[PDB]
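Worksheet: the structure to be examined is printed underneath.
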Amino acid sequence: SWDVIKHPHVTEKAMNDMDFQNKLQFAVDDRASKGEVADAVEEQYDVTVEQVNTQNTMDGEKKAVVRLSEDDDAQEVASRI
Amino acid sequence: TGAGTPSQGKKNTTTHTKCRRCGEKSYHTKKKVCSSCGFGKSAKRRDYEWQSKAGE
Amino acid sequence: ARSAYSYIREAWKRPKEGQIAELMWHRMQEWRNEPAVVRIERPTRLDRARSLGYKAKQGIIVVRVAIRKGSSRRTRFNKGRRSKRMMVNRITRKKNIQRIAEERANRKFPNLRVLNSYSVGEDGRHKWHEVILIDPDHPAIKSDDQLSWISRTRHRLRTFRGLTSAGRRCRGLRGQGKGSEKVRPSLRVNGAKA
Amino acid sequence: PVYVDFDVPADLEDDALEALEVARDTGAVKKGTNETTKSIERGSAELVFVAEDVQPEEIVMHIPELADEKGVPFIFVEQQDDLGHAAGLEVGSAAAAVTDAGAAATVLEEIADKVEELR
Amino acid sequence: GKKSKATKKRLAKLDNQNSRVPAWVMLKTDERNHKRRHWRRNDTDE
Amino acid sequence: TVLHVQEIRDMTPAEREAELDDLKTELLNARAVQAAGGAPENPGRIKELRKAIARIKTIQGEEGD
RNA sequence: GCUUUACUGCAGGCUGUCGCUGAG
RNA sequence: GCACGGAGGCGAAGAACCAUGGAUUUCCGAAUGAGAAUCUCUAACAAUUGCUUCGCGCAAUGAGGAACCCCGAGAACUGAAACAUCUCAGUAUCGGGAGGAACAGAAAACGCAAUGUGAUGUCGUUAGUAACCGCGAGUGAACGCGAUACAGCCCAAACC
Ligand SMILES: [Cl-]
Ligand SMILES: [Cl-]
Ligand SMILES: [K+]
Ligand SMILES: [Mg+2]
Ligand SMILES: [Mg+2]
Ligand SMILES: [Mg+2]
Ligand SMILES: [Mg+2]
Ligand SMILES: [Mg+2]
Ligand SMILES: [Mg+2]
Ligand SMILES: [Mg+2]
Ligand SMILES: [Mg+2]
Ligand SMILES: [Mg+2]
Ligand SMILES: [Mg+2]
Ligand code: NA
Ligand code: NA
Ligand code: NA
Ligand code: NA
Ligand code: NA
Ligand code: NA
Ligand code: NA
Ligand code: NA
Ligand code: NA
Ligand code: NA
Ligand code: NA
Ligand code: NA
Numbered sequence: 001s002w003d004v005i006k007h008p009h010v011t012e013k014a015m016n017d018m019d020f021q022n023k024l025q026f027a028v029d030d031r032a033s034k035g036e037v038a039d040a041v042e043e044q045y046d047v048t049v050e051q052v053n054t055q056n057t058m059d060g061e062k063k064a065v066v067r068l069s070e071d072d073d074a075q076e077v078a079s080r081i
Numbered sequence: 001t002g003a004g005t006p007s008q009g010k011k012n013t014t015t016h017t018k019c020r021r022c023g024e025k026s027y028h029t030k031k032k033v034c035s036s037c038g039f040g041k042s043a044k045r046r047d048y049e050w051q052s053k054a055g056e
Numbered sequence: 001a002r003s004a005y006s007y008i009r010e011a012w013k014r015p016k017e018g019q020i021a022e023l024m025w026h027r028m029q030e031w032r033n034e035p036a037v038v039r040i041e042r043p044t045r046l047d048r049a050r051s052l053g054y055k056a057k058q059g060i061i062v063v064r065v066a067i068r069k070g071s072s073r074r075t076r077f078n079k080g081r082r083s084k085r086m087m088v089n090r091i092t093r094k095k096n097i098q099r100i101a102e103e104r105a106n107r108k109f110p111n112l113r114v115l116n117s118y119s120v121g122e123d124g125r126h127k128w129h130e131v132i133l134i135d136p137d138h139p140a141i142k143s144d145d146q147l148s149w150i151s152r153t154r155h156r157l158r159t160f161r162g163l164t165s166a167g168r169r170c171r172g173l174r175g176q177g178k179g180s181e182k183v184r185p186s187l188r189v190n191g192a193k194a
Numbered sequence: 001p002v003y004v005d006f007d008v009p010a011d012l013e014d015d016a017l018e019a020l021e022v023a024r025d026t027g028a029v030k031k032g033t034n035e036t037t038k039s040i041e042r043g044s045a046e047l048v049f050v051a052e053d054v055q056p057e058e059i060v061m062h063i064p065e066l067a068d069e070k071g072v073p074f075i076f077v078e079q080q081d082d083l084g085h086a087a088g089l090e091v092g093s094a095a096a097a098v099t100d101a102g103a104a105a106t107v108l109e110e111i112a113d114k115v116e117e118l119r
Numbered sequence: 001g002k003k004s005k006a007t008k009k010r011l012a013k014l015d016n017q018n019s020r021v022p023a024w025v026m027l028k029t030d031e035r036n037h038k039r040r041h042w043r044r045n046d047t048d049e
Numbered sequence: 001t002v003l004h005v006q007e008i009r010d011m012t013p014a015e016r017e018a019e020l021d022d023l024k025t026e027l028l029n030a031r032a033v034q035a036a037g038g039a040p041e042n043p044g045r046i047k048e049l050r051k052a053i054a055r056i057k058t059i060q061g062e063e064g065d
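Residue numbers (the authors' numbering), protein chains in the order written: chain R, 1 to 81; chain Z, 1 to 56; chain L, 1 to 194; chain F, 1 to 119; chain 1, 1 to 31, 35 to 49; chain U, 1 to 65.
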């Protein structure tokens, strides 16, 4: 069985979203919906996912831009990995 | 109008595409039939004996 | 004493006489409104079926098949042909109608195999034959010492290879002597000359 | 139908089947067209039953004339399974033969009469 | 033109297959990409 | 390596599942560190983490969970 | 390739006959 | 792994490597819930069948494979120094189907005519013999014989 989350998509633009918008970007399996991406994320990092935007990339993978609630801090969640 | 060069310009149509069945770019997307494996016309795969010399 | 069957046979020797004559006139009317392939619970010619291998048992099916009469339905040539081959009207197929029937029937019952077939009359344009088919997968047939041979893999699609009754006869394999030089052991092996 | 030239009233039929059941217990009866046919031929048949719902009709066609030129009396039953059940079979039967009735040779003999009269 | 998720995947593979043999392979093999496809000079399938 | 077959079988169905979800996370964090061009790698393990996971799964099937 | 009262045949059309087809 | 780099790792808890057996085995694909250029939409043997507890409950078929095999359809160039029958040829090619081999097979046979042989293939021969044929060009067996291998049976019906 396939896993929802593949790995954190870390790039300059990903950083800006994390520092400035409290958003975490991930490389997720392309068969995963926004909702699945949401759950998986909350469960894996114990946070509150507010919104998820997806985009099927020219790399063959799906990218997910996940925004965490003001309650959580992306910068911190990402720093532990 | 020349049937040559000047008539080559209008060729922006898509027809034969990658066949889901045999992987060749011969799936005619208007016909929904593959010119190579026959997918969309035959359950059995396309094959003829003239594809090779009679005695081989 | 004469078997009850022997009567069924006697009657069919002259299908245009007496009672059976009026039976056909009756039936055919219903037959002509029936399909190409219709399964029937009981053989119209009991003696015949049983004689061929029929048994009122599980896994044995019988069906009546309608085939058009006449020569081959042939399309005229669309390119160069020498006179000899410009033929259309008088060309007839090398497979008799009964054998076509057997095949049509068999295709309608993909899992079953043809055991044998017989005629059941004909009007001005049809020809009806009844085909006996067998379910080589139903035990009772797998366990029948008189038919279990048809369950063998070597018999998959007997009709299509002419391993049938009419199949072998149509292939000119009746005689064991003179005349069968190009027939046995197979038309194809004899270069197709009979 | 083609081998049926006279119609047997519902009631007559009942007296017939009734006699058959006692026949199987008191006398002797033959079940099945083949066994029936041999009776008419071997003369051992007193009364023969023939269904009217037989298909194909060939299985029975011969009974009538066979019985007429053998003197053996015959009667028509409407239902095939009633003949069967009556003969004591769990299945149906196309034809039956009462080979020497039993505690019914009377009623029977008279049914044969009723039919002869039924033309 | 409007491409589908499947198409996009293929074009994607092709782009990847369009990278060069890594330097390290050269050394590991003591010593060419015969599948180099230019977007203008070459033509993909479908 | 650091995780042998005997040891996987000496676990209870609940211990393998616990060990499994454990390795998956090590792996997942391994990949994150790799995704961030992280050099504190030790390639021999990110590879092992995949094999350990296979074995555990293999055993889960053998034992019936 | 084409043509025709070139040679030989082949479709097609018309027509007689048989089978389907029975009562006075 | 090919693949001889860099870093790192595995192996005496006997790895690598080989054999057999087993696990896993995405999507399309006969492709079978429905649709679709390998993706998508809301429980599925789709379709045709057999049995049937008449419920997809139990089963079958589908498609592939180097050719070989069996059943159907069936040219023309060419040869005849033209060409029409004839020949190329039942070839090329096409439709349907089986197996590991197929097909054939235990005489309504043969017919060295016999006081004889004795299922069937195949091989050698019989023989370019007999037979065909604008009796042109061409076409072309069989019985038998010598070998190979051998194997002989089951229904329908009569009587139950
Ligand atoms: Cl068959
Ligand atoms: Cl001899
Ligand atoms: K010719
Ligand atoms: Mg979008
Ligand atoms: Mg032009
Ligand atoms: Mg690039
Ligand atoms: Mg599908
Ligand atoms: Mg010519
Ligand atoms: Mg010539
Ligand atoms: Mg052979
Ligand atoms: Mg000449
Ligand atoms: Mg010849
Ligand atoms: Mg001979
Ligand atoms: Na990636
Ligand atoms: Na079949
Ligand atoms: Na012939
Ligand atoms: Na291009
Ligand atoms: Na011309
Ligand atoms: Na595998
Ligand atoms: Na199935
Ligand atoms: Na069902
Ligand atoms: Na010449
Ligand atoms: Na010429
Ligand atoms: Na000739
Ligand atoms: Na001799």
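For every residue, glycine included, the Cβ atom is placed at its ideal position computed from N, Cα and C.
query                                                                                                                        : result
Proximity of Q58 (chain L) and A1 (chain L) at Cβ, strictly below 7 Å                                                        : no
Listed by chain order, chain R residues near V5 (chain U) by CB distance under 7 Å                                           : Going along chain R, no residue has its Cβ under 7 Å from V5 (chain U), so there is no contact; the nearest lies around 23 Å.
Status (buried if at least 16 other CB within 10 Å, exposed otherwise) for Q176 (chain L)                                    : exposed
Secondary structure of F49 (chain F), DSSP reduced to three states                                                           : strand
For ligand 17, residues whose Cβ lies under 7 Å from any non-hydrogen atom                                                   : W42 (chain 1), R43 (chain 1), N45 (chain 1), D46 (chain 1), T47 (chain 1)
Minimum Cβ-Cβ distance from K2 (chain 1) to chain R less than 7 Å                                                            : no
Neighbouring residues, chain L, relative to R24 (chain F) (Cβ below 7 Å)                                                     : Result: empty, since nearest Cβ-Cβ is about 20 Å, beyond 7 Å.
Cβ separation of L24 (chain R) and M18 (chain R), assumed to be a contact under 8 Å, to the nearest whole Å                  : 6 Å
CB contact flag (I40 (chain F), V8 (chain F), <7 Å)                                                                          : no
Pairwise C-alpha distance: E36 (chain R) and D46 (chain 1)                                                                   : 38 Å
C-beta neighbour in chain L for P56 (chain F), strict 7 Å                                                                    : yes
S165 (chain L): first and last residue of the uninterrupted alpha helix (DSSP H) it sits in                                  : 165-170
Chain R contact for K38 (chain 1) (CB, 7 Å cutoff)                                                                           : no
Buried or exposed by the 16-neighbour rule on C-beta atoms within 10 Å, applied to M26 (chain 1)                             : exposed
Option in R50 (chain L), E17 (chain L), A21 (chain L) with minimal Cα separation from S117 (chain L)                         : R50 (chain L)
C-beta neighbour in chain Z for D48 (chain 1), strict 7 Å                                                                    : yes
Pick from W25 (chain L), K94 (chain L), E22 (chain L) that is closest to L187 (chain L), judged by C-alpha positions         : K94 (chain L)
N42 (chain U): contacting residues in chain R (beta-carbon distance under 7 Å)                                               : Per Cβ cutoff of 7 Å: no residues; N42 (chain U) is ~16 Å from chain R at best.
Within-7 Å CB hit, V2 (chain F) to chain L                                                                                   : yes
Validate contact between the segment 92-112 of chain F and the segment 37-44 of chain L using beta carbons, cut 8 Å, 3 pairs : no
Where the beta strand (DSSP E) through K63 (chain R) begins and ends                                                         : 62-68
Cβ-heavy atom distance, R82 (chain L) to ligand 3, below 6 Å                                                                 : yes
Chain-ordered chain L contacts of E41 (chain F) [CB-CB under 7 Å]                                                            : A1, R2
Residue range of the beta strand (DSSP E) that includes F20 (chain R)                                                        : Per DSSP, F20 (chain R) belongs to no beta strand (DSSP E); it is in the alpha helix (DSSP H), 12-21.
Integer-rounded CB distance, given that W128 (chain L) should sit under 8 Å from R64 (chain L)                               : 5 Å
Closer than 7 Å at the beta carbon, the chain R residues around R31 (chain U)                                                : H7
Stretch-stretch touch, CB-based, cutoff 8 Å, three pairs: the segment 120-138 of chain L with the segment 149-168 of chain L : yes
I75 (chain F) in three-state terms, based on DSSP                                                                            : strand
Whole-number beta carbon distance between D100 (chain F) and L17 (chain F), since they are thought to touch under 8 Å        : Going by Cβ atoms, the distance from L17 (chain F) to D100 (chain F) rounds to 18 Å, so no, they are not a contact pair.
Boundaries of the beta strand (DSSP E) in which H4 (chain U) is found, first to last residue                                 : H4 (chain U) -> no beta strand (DSSP E), and no H or E assigned at all.
Residues of the segment 5-24 of chain 1 whose Cβ lies closer than 8 Å to any Cβ of chain R, in chain order                   : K5, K8, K9, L11, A12, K13, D15, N16
Interface positions of the segment 4-32 of chain R facing chain U (Cβ-Cβ less than 9 Å), listed along the chain              : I5, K6, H7, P8, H9, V10, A27
Cβ pair count under 8 Å reaching 3, the segment 49-68 of chain F against the segment 15-22 of chain 1                        : no
heavy atom of ligand 1 below 6 Å from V37 (chain L) C-beta                                                                   : no
Partner residues on chain R for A52 (chain U), Cβ-Cβ distance less than 7 Å                                                  : None at all; the shortest Cβ gap to chain R is about 16 Å.
Same chain only: Cβ atoms within 6 Å of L23 (chain U), ignoring 5 sequence neighbours per side                               : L49, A52, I53
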